[PDB]
C-alpha cells in the first residue's frame, strides 16, 4: 500500500510516473475515468492510495477527494479497471459570518472568516441588487453558511445558504432555493436560467441519453453514461447553456478536448470530444455564447458532442424536467 499526498503541480500522470506505475496501466485508469473525469481535478492536499499485489502491480487506486468522499478504481480479471464512488454523510453545521463595513465588504468579509471564493460568490449573486462601489456604510452583512463535518473534523465542504445586507440605502437579502439558485424575498431569482441545449436546432438529435445504470455490452458490468450525446458534425458550433466562467480546458486521451464551465455554486456543464475550444480558463461566458466546435477527439465510435450537467459535482440528466 502506497499513500501519496497530492502536491502543487501534480497530475495523475505525473504521480504514476514517480510511483513507477506502467504507462499501459495509466491508460486503463484514464479509460475508465472518461465517464467521471475525477482524476483531472486532483488538488494539493488530497490523497491517492495505491494498492499493489504480490507482483508489485497496481490492483486498486483510491482517490480520497475528501474525508467523506472517494473514487475507487479496481482492477478486474480481464485487466480493465472498474469504478465505484463512495460518499459518507457526516453532519452539517450552520455558521453565521457577520461583519460591518469599515473596511470594504471584501476586506471585512475576509477578516471575519469568509474565503476569496465565498466573497466572489457573494458579489456575483448580489451584483444587480448591490453596487459594491456606491453602497458604502457605517452598513453590515450576515452570511449563513452550512459546513460539513465528519465527527469533529471539518471536511472542507461548505455552501452559502443565505445572504443579507443591512443597508442604510435599503436592506437586501437572498436565499438559496431548491433549484440551486438564489432568490430575493419576493421570489425573484438573482441568477439567470439556462438554455436546455448546447447546440443549434439542426443538431439537437440525441443519439444516446443520460443513463447511470447502463451496462457494458462486453462485460455486463455497469458503466454509466453520465451525459447526453447530440448528433453534431465535426465543426458544429457548441454553446454554453448558461452564464459562467471557464474553469477547465483540457486535452484528455479518452474524453478528447473538453471544457467545463462553472455557472454558480451548484451548477457546472461539461463539453467533450471537441474538435476545437474557443475559450480559455478564467474567461467569463454568457448564456448561448459559442465556446467550441464539436468534434470526434478522444475515444468514441463516431463524432458527437457529449454534454453534461453537474449539480454539486454530481451528473444529472441534462434533459430532465426540473432544472432552471
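Numbering follows the first chain given and starts at 1.
Participant: Enter the number of deposited residues without atomic coordinates between residue 138 and residue 139, binned as none, 1 to 3, 4 to 9, or 10 or more.
Facilitator: Per the record, 1 to 3 deposited residues are absent between residue 138 and residue 139.
Participant: For the stretches 96 to 104 and 170 to 178, which has the higher mean C-alpha B-factor as given in the deposited record?
Facilitator: Stretch with the greater average CA B-factor: 96 to 104.
Participant: For the stretches 8 to 16 and 298 to 306, which has the higher mean C-alpha B-factor as given in the deposited record?
Facilitator: Looking at the record's C-alpha B-factors, the answer is 298 to 306.
Participant: Sorting 161, 213, 185, 196 by Cα temperature factor from the record, which one lands on top?
Facilitator: So the option with the highest C-alpha B-factor is 213.
Participant: Checking the entry, which one of 234, 206, 143, 72 has the top C-alpha B factor?
Facilitator: That would be 206, according to the entry.
Participant: By its CA B factor, does residue 247 count among the lowest, middle or highest third of the modelled residues in the chain?
Facilitator: CA B-factor rank for residue 247: highest third.
Participant: Going by the CA temperature factor in the PDB record, which third of the chain does residue 155 belong to: lowest, middle or highest?
Facilitator: Middle third.
Participant: For the chain shown, is the CA B-factor of residue 219 in the lowest, middle or highest third of its modelled residues?
Facilitator: Highest third.
Participant: Looking at the C-alpha B-factor of residue 189, is it in the lowest, middle or highest third of its chain?
Facilitator: Residue 189: CA B-factor falls in the middle third of its chain.
Participant: Thinking about Cα B factors across the chain, which third does residue 239 belong to?
Facilitator: Lowest third - that is where residue 239 ends up once the chain's C-alpha B-factors are sorted.
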